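What follows is a short report on a single structure.
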Amino acid sequence: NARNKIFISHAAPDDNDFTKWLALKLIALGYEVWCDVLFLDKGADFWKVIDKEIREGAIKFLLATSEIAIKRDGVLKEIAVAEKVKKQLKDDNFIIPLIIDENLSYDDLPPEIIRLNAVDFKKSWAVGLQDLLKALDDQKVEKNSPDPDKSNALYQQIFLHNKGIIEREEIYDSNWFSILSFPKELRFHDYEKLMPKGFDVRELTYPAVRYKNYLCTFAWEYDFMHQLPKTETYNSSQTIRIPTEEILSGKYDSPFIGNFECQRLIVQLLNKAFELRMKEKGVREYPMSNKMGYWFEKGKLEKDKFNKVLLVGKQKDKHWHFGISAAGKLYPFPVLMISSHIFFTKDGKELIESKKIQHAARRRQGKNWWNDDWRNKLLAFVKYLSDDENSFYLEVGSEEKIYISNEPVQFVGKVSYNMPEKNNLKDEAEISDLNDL
Amino acid sequence: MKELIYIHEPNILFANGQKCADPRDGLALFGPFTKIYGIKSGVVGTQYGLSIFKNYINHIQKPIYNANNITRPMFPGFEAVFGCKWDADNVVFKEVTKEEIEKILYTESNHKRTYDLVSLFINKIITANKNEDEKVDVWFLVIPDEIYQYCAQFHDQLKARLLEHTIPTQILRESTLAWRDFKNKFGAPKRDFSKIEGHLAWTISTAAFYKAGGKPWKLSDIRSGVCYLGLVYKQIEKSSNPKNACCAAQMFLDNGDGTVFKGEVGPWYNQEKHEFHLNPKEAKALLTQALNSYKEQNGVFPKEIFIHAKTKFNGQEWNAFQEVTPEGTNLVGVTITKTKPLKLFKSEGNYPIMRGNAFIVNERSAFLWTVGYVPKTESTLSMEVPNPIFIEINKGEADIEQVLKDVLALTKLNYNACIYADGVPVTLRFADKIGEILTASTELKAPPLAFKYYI
């Protein structure tokens with residue numbers, strides 16, 4: 001009821017930013033302030049409070065003056081009430097227009113406030129502040145000790161009411177796909193003495209890696225006999241066997257080979273197995289520098305869709321295909337880690353040679369796609385990679401296979417955010433494009 | 001299930017002890033942590049460029065709104081935000097005549113074009129600095145966007161040849177200040193800053209306020225006596241020994257201003273590992289420089305020192321660094337990578353995972369989402385799925401949660417660009433830039449300078 005809360009009337013959204021700034025600035029000085037922005041629960045009685053306030057608690061009536069806000073009937077309604085009180089208060093300088101519009105013409109001001117003294121913030125907010133502050137002090141307005149603590153409290157509580165985090169569990173999908181089982185034994189073979197010099201281990205049907213004087217694989221002793229006939233004379237006793245579970249647990253260290261060395265070798269075998277399986281799976285290949293990507297041709301899938309998810313489409317005069325690449329990782333958990341790329345083709349079959357065009361189109365198409373697009377496209381591809389309901393397999397041996405689940409490893413968090421009311425993602429993409437330019 | 005943890009966003013401190021998480025909001029509401037009396041300007045460009053600068057400076061004195069004022073807050077005004085007048089009246093002007101620029105561009109080799117251009121701007125700034133008593137706080141190089149387009153970059157060589165003389169410098173393009181005046185063949189601006197017009201000013205303003213001796217913000221609740229050092233390596237391309245590589249130390253306290261310590265150009269780059277590794281001698285030299293600078297600034301040796309690196313650490317350089325570390329000083333080696341491919345997708349919504357989420361792999365390694373979705377700005381720092389950075393405690397004993405909190409904390413520090421936050425911590429954010437600055441001129445022996453002379 002005391003006139004200590006300086007009343008600031010303005011257009012709810014048009015003068016919102018200016019008011020919110022001026023309100024908190026004034027508060028920091030210790031000036032008590034009343035405006036609609038400092039308020040959260042405003043319904044259909046707030047005007048009654050606005051009244052009880054303009055008439056009972058207002059040592060001043062500073063009003064943002066703008067063409068848009070001077071056209072608003074509510075603004076004129078507040079003006080009329082403030083005049084009525086100004087006459088009762090005999091303050092005259094009670095109502096203090098704060099002209100904030102460059103193109104505002106003074107004649108458009110209402111005849112009620114056409115002759116009053118107005119602090120100008122059109123030239124600048126800071127310069128208008130000093131003049132506003134000077135007028136307030138000359139009006140001997142009462143102010144408490146400066147408190148930016150109160151302004152900070154008002155800011156976070158009101159300005160960030162529904163812009164924070166919520167303690168709500170969120171389950172996330174990943175690109176890590178769990179590996180359900182491994183072949184029981186990892187076998188090293190002394191094929192060298194029976195292997196032609198200069199032979200390539202990558203050419204081997206099944207995954208096999210050269211290490212020291214040994215060939216490492218999960219395969220049986222007699223599977224490369226087709227490629228290496230001399231292995232028909234190989235002796236099984238020369239083969240060195242390690243239980244793979246002890247390899248995953250890291251409980252096997254031997255003078256023959258270290259745990260880390262054998263784990264890297266298992267990773268290499270896994271990658272080669274995935275490349276071979278993908279070669280078998282009918283997808284096309286994009287030879288990346290470090291890994292190999294796999295993408296669908298146009299018309300290979302049903303309507304270029306799997307699981308009702310578009311994996312092949314058109315961008316301008318280019319055909320984008322969602323491709324994946326895979327790597328292995330034994331720690332922290334045995335997982336195949338699929339990566340997602342977009343590969344472009346002139347017609348859907350011939351990849352565009354220029355890496356620069358590939359990169360530009362990839363960046364643009366990735367800008368277009370949001371969280372769902374990426375997640376659903378990656379899931380669809382692996383769901384298509386499936387050989388049964390729950391997994392697919394990589395052929396490491398004639399009797400030995402590696403089973404990878406087609407559902408990615410999921411991560412649970414204890415915090416989440418609330419979805420925005422307005423989706424401005426396209427504008428954000430355009431703005432980020434300008435940031436690049 | 002594979003549980004995650006949330007690292008709460010760290011607040012930054014502003015004027016009057018006010019802690020807020022958004023630099024734009026904090027600067028607009030309370031003002032910078034330390035305020036300067038004013039920003040004396042020096043412009044280094046053509047008359048057209050000078051008019052562009054003056055008009056922009058006069059125009060950012062008046063409120064500039066953003067099309068989206070939730071993702072990017074509007075700029076209240078230079079005087080309204082900072083509290084000092086960046087007037088265009090008190091501005092020294094070095095007028096590069098068009099003839100000088102075109103005559104230099106005539107050169108066939110850009111190496112020379114940039115050098116000759118950088119040389120001209122250096123001379124114009126120095127003569128003005130030394131010969132007169134004009135205490136110009138910041139020298140603004142309003143170079144035509146063309147100069148940047150043609151000129152190995154202008155930024156790095158200019159920053160190095162000013163590093164010689166230790167004077168602050170900010171570079172701007174005519175397009176950046178006056179984008180409306182530059183249009184394509186269709187009557188539209190080459191770059192439409194219409195919806196970010198309020199963002200751009202923010203950036204520029206904060207940059208200027210940093211280079212004129214002001215501290216926009218500083219971290220709020222950092223523990224006492226903690227020093228963050230980020231090694232910066234970059235191989236000299238022209239060196240006969242392909243192992244010759246520059247080194248550098250990036251001392252960051254809670255304040256976030258930063259100090260750069262140059263090191264000796266030596267055979268650090270290992271080609272077969274692709275990892276840079278320095279001998280015990282230079283390790284001891286660099287960490288002695290950092291410790292001595294910290295002691296002379298703060299009066300005591302750090303109680304903890306974290307040497308953030310983009311690669312791994314050997315035993316010898318760590319035992320070297322360890323030899324020059326006082327007992328009380330806990331030397332921690334943290335490797336931060338942005339390569340490991342782990343992507344978390346959200347089950348519902350076109351919006352990605354929140355920033356601050358983290359996967360703790362083990363007691364000494366963890367994934368941290370420094371890129372993500374910010375509820376406050378209702379936007380994302382990257383239009384692509386967030387790629388988490390892998391933080392590993394390579395050497396020394398620490399706590400991984402504290403390391404992740406510190407990494408997020410360091411990321412907030414970014415005066416160069418006003419944004420809720422950045423993806424890389426400041427210790428490694430400008431690692432490549434500072435490296436390029438250093439290899440631009442390695443002969444000059446810089447004393448330990450600050451980022452005000454690097455970024």
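Convention: chains lettered A, B, ... in structure tokens order; per-chain residue numbering from 1; ligands numbered from 1 as shown.
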Shell of 6 Å around region 202-208 of chain B, only C-alpha atoms, local chain residues under 2 positions omitted, as a ChimeraX atom specification: /B:75,199-200,210-211,415-418
Residues of chain A within 6 Å of chain B, counting only C-alpha atoms, as number ranges by chain: A: 124, 126, 163-164, 172-175, 367, 370-372, 375, 411-413
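Among the candidates B:52, B:309, B:360, B:160, the residue lying nearest to residue 233 (chain B) is B:309 (atoms considered: only C-alpha atoms).
By chain and then residue number, the residues within 10 Å of residue 278 (chain A) are residues 272, 284, 285, 292, 293, 294, 325, 385 and 394 of chain A, counting only C-alpha atoms and disregarding those fewer than 6 positions away in sequence.
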Shell around region 345-356 of chain A at 10 Å using only C-alpha atoms, local window under 4 positions removed, as a ChimeraX atom specification: /A:284-286,296-300,312-314,317-321,360-362
Distance query residue 430 (chain B) at most 9 Å, only C-alpha atoms, self and fewer than 6 positions along chain excluded, as a list in words: residues 232, 424 and 455 of chain B
Spatial neighbours of residue 234 (chain A), max dist 10 Å, only C-alpha atoms, sep filter under 2 positions, as a PyMOL selection string: chain A and resi 189-191+193-194+221-222+225+229-232+236-239
Any chance you can output those residues with C-alpha atoms as an mmCIF file, in the first residue's frame?
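Below you can see result_24.cif, which holds the result:
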```cif
data_model
loop_
_atom_site.group_PDB
_atom_site.id
_atom_site.type_symbol
_atom_site.label_atom_id
_atom_site.label_comp_id
_atom_site.auth_asym_id
_atom_site.auth_seq_id
_atom_site.Cartn_x
_atom_site.Cartn_y
_atom_site.Cartn_z
ATOM 1 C CA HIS A 189 48.710 -71.446 -36.081
ATOM 2 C CA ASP A 190 52.302 -72.009 -37.283
ATOM 3 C CA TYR A 191 51.141 -71.795 -40.953
ATOM 4 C CA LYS A 193 56.350 -72.766 -42.690
ATOM 5 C CA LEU A 194 53.410 -73.895 -44.857
ATOM 6 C CA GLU A 221 42.981 -75.707 -37.973
ATOM 7 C CA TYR A 222 41.683 -76.733 -41.450
ATOM 8 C CA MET A 225 43.477 -75.234 -46.755
ATOM 9 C CA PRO A 229 47.127 -76.238 -49.592
ATOM 10 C CA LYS A 230 50.278 -76.895 -47.552
ATOM 11 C CA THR A 231 48.190 -76.436 -44.389
ATOM 12 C CA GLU A 232 46.794 -79.879 -45.218
ATOM 13 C CA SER A 236 47.158 -79.509 -34.522
ATOM 14 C CA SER A 237 49.637 -79.786 -31.640
ATOM 15 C CA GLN A 238 51.506 -76.707 -32.901
ATOM 16 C CA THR A 239 48.367 -74.571 -32.481
#
```
Filtered DSSP result for region 225-290 of chain B, state strand (DSSP E), as an MDAnalysis selection string: chainID B and resid 227:230 234:235 244:246 248:252 259:262 266:267 269:270 275:276
